[PDB]
Ligand code: BEF
Ligand SMILES: [Mg+2]
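In the authors' numbering, the protein residues as written are 1 to 501, 508 to 990, 1013 to 1031.
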């Protein structure tokens, strides 16, 4: 059935061959079940571990590490011996690191997926269908419903499938469509057909879409769509069809990996070129194509040694710690790199109903008659706190808490509110929240009566389930509730007959429609003749409440003291209801709205400080949307919103330049379709802006998946939590701001341990290449370089992730999405450091061979030509040949490298802040990890079996002083670089602590 809302009830009944009185037969049931199938959405679940690891290995850095591992493995295989375990130890540990990284990623993904399934009420879905089996209604599962079934639905049940309304058993039918359309107020439904074929879901007032629940009434209709043919099913298909890009952090890491691969391949071909033509010698060869094999084998090994190994491990550790700190704030993050996304977010789009506001109408204002002076009056006004259905808030007259017992008008108002409504407020122990039973605009009055204790009952001893309806129960016990005159659209009010345990008729309705019938005023306990001045004053106050800064749904409450008895009452016709209440006594009025969350007003301001633009994209009308915008702080109370607030059509009828100016300056989009939100998010991203979308409904699912990060509310639909990358399990909007902080800190710290590692490694390159150029004996060998790069470069690089965040971190605009991790300057700035690690280490070794007392004081010629020392005495008159394999210079080089790395982790605490102004004890984890790395290095020296694995031997005090002399100037070098970076001794205890070391070392 196509466009069932455009066709009358008779023809849509005949198209399916179903009679509204009888229903469907089991034959037709099976005939439709075999075609359409089950009425449920296809479940998409997390993939197996293998397909998760496949995407864990999608990072370019992990691919580079795996390529380097395979290369070093096929290079270690050139040796005929298969038992060379010292050569295969490097690819094995690289593979272990990569496998651990992938396992941690998969574990985080699975833990996040499991934490979101707990935010799902395990409720069975049922429906009431009229089939030809039995005459009475049949309660069956909604999965078995097929297009054509007659479905009967009453107040308080979810709509099982798309239903074309055939008959309304009650006078009116009110449905809550906040899930699909985002409307805060319930919609009145009618069986009349809608002429527009391409009408939006809000214009379809004869259809009941799936997932929505009935607020009030009872009706019967015909199913027209099931499964994926429903509206929510179409929205889920549109969500699944949307594309999913890579997070900004993943893009930055891919760019850095491309730069790294360009660097690694550069030094390889450079060494190959500078060493080509150097194998024309006959030694171990004799050809040119054969000469490019040994030099290639050494150059590729050098280039692989240039690559950092613990970088993805420390990145994953930092991201996982960030995810843990966010989950401690009730925020479920699916992916690791999504923790940084809110740090670089420029625009935060947000749904209104349920996301920015609660979905729980609450009375926030009220007023009664305090005094009367003649042709005028005085209005006693109160404001009530509380933005949910929980009866916890308080009432304040002007600014101070007051008791409503002294006021008789407030007692009458509470009586009217508790007796005129037919809704209720229950408590769900499973979710621990209070919920409504009927319409929201009557649960508001129920919670109001529960808030203002007019009888001063004691609710402290009562439990939560009894505290939900205690005061209403007391008021109902005091006055018995007789028949209720049904609400009529012409009279625009509803009344209730009441006889105490004389007769009073309590009327509740629209302000003007009710006040046009009130002829007297209740002031305290006194009846007073009504005049035009009182009327115009009350009407002006209502118009002030009904619009302006506070757009409130207003409700007038009156009483009838002398009504005619039920004997003279005639309830056959609806038109007698208004004439039965021609004379009324105005008691007061109340004003309720869909209140924003209590954490949104400060959150929009904090996001404004951090440079984030908040946009509201909602399906509700522009009135309520702009009201909530002015309330939370997006707009001002008097700010013109002519070119800052749009609708769906008002945005569609704009030219591309107009749409550009809108997306660049608008802040409120109202009455938008689920595809309109995706269009807005796509435009905001087309303007090169990392976009964040927050939502709780199905209509947000196509948008939450389009944004770089999509945040869903913990109470929202399952589709929204499916399309989202973050989930606020506690419906706390302020948490988002907190998240924006972490993604700002983490990334900063990230850059730190991306430099401190990278620079370190290039040092171990300049140490080797120079040793190949000068011809000196090998100072640093890969077996100890692996231990360095892992242990003494992962503990400081991990502790550098705990750096204290900046003081103005949340006071600056988001970072430019175009700038890379390693800039030009920060490139040079590390090259220098790398060079210093190349010149020092080698030098240290040479020192032990030239100037050390214990070492053989050979000449530079004898040092560079140690290959000729194998001969007895060509030029080496007394020096030993075995001494060129001594472990003392190798230990000197290793200790110098480790000490330079410790000092470089020391002065890597901040990018530009000097070590004097920011002492190292600011990050106690950094100094702790430095102590641990030095302790593990000394462990390598003085334990029994490990000094045999690494060709190193312990030192003495003089050689350690020399190591310090060689290594410490790296701090001066980095301080000079930081000074140059800033321009183009605040901590005096640190200075007086380091002066002994400097004077003792350079004594
Ligand atoms: F829930 Be939103 F206002 F579409
Ligand atoms: Mg919503």
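No residue lacks a Cβ here, since even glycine has one placed at the ideal position from N, Cα and C.
Residue 783 sits in coil when the DSSP states are folded into three classes, being neither helix nor strand. Apart from the 5 residues on each side of it in sequence, residue 75 sits with its Cβ closer than 7 Å to the Cβ of 297, 300, 301 in its chain, given in chain order. As for any alpha helix (DSSP H) of minimum length 4 sitting wholly inside the segment 13-101, the runs are 26-33, 49-56, 60-76, ordered along the chain.
Along the segment 545-573, the beta strand (DSSP E) occurs as fully enclosed runs of 3 or more residues at 559-566, listed in sequence order. Residue 194 is a Cβ neighbour of residue 5, given a cutoff of 8 Å. Relative to residue 390, the option among 452, 374, 26, 110 whose CA is nearest is 452. Note that the segment 733-744 touches the segment 600-610; at least 3 beta-carbon pairs, one per stretch, sit closer than 8 Å. Taken through DSSP and simplified to helix, strand or coil, residue 531 comes out as coil. Residue nearest to residue 419 within the set 429, 443, 399 is 443 (criterion: CA-CA distance).
Taking 8 Å as the cut-off, the beta carbon of residue 850 is found no closer than this to the beta carbon of residue 772. Linking residue 480 to residue 511 through their CA atoms gives a straight-line distance of about 12 Å.
Secondary structure at residue 739: coil, using DSSP grouped into helix, strand and coil. Secondary structure note for residue 342: it is in no beta strand (DSSP E), with a DSSP letter that is neither H nor E. In this structure, residue 314 and residue 653 do not form a Cβ contact; the two beta carbons are roughly 49 Å apart against a cut-off of 8 Å.
Between residue 911 and residue 945, the gap from beta carbon to beta carbon reaches 8 Å or more. Around the CB of residue 352, 16 or more other CB atoms lie within 10 Å, so the residue is classed as buried. The C-alpha of residue 774 lies about 16 Å from the C-alpha of residue 869.
Here residue 926 really is in contact with residue 915; their C-beta atoms are around 6 Å apart, less than 8 Å.
Separation of the CB atoms of residue 486 and residue 171 is rounded to 5 Å, and the pair is thereby assigned contact status at 8 Å. Taking C-alpha positions only, residue 24 is separated from residue 232 by approximately 25 Å. Here residue 813 is exposed. Its C-beta has fewer than 16 other C-beta atoms within 10 Å. Given a length threshold of 4 residues, each whole run of the alpha helix (DSSP H) inside the segment 359-442 is given here in chain order: 408-420. Setting aside the 5 residues that flank it on each side, residue 818 is surrounded in the same chain by 616, 617, each with a C-beta closer than 8 Å to its C-beta; the list follows chain order. Per DSSP, the continuous beta strand (DSSP E) segment holding residue 224 begins and ends at 218-225. Counting along the chain, the unbroken beta strand (DSSP E) around residue 138 starts and ends at 138-141. A Cβ-Cβ contact shorter than 8 Å links residue 894 with residue 959. Residue 456 counts as exposed, since fewer than 16 other beta carbons sit within 10 angstroms of its beta carbon.
Between residue 182 and residue 626, the C-beta spacing is below 8 Å. Non-local C-beta neighbours of residue 921 in its own chain, meaning closer than 6 Å and more than five positions away in sequence, comprise 913, ordered along the chain. Residue nearest to residue 341 within the set 116, 247, 427, 323 is 247 (criterion: CA-CA distance). Annotated three-state conformation of residue 757 is helix, per DSSP. Remark: the C-beta of residue 469 is outside contact range of ligand 1, defined as less than 7 Å to any heavy atom. Counting the other CB atoms within 10 Å of its CB gives residue 508 a total below 16, which places it among the exposed residues. Taking 7 Å as the cut-off, the C-beta of residue 387 does not count as close to any heavy atom of ligand 2. Residue 908: member of the alpha helix (DSSP H) spanning 893-912, first to last residue. Residue pairing by DSSP places residue 716 opposite 699 in a beta bridge.
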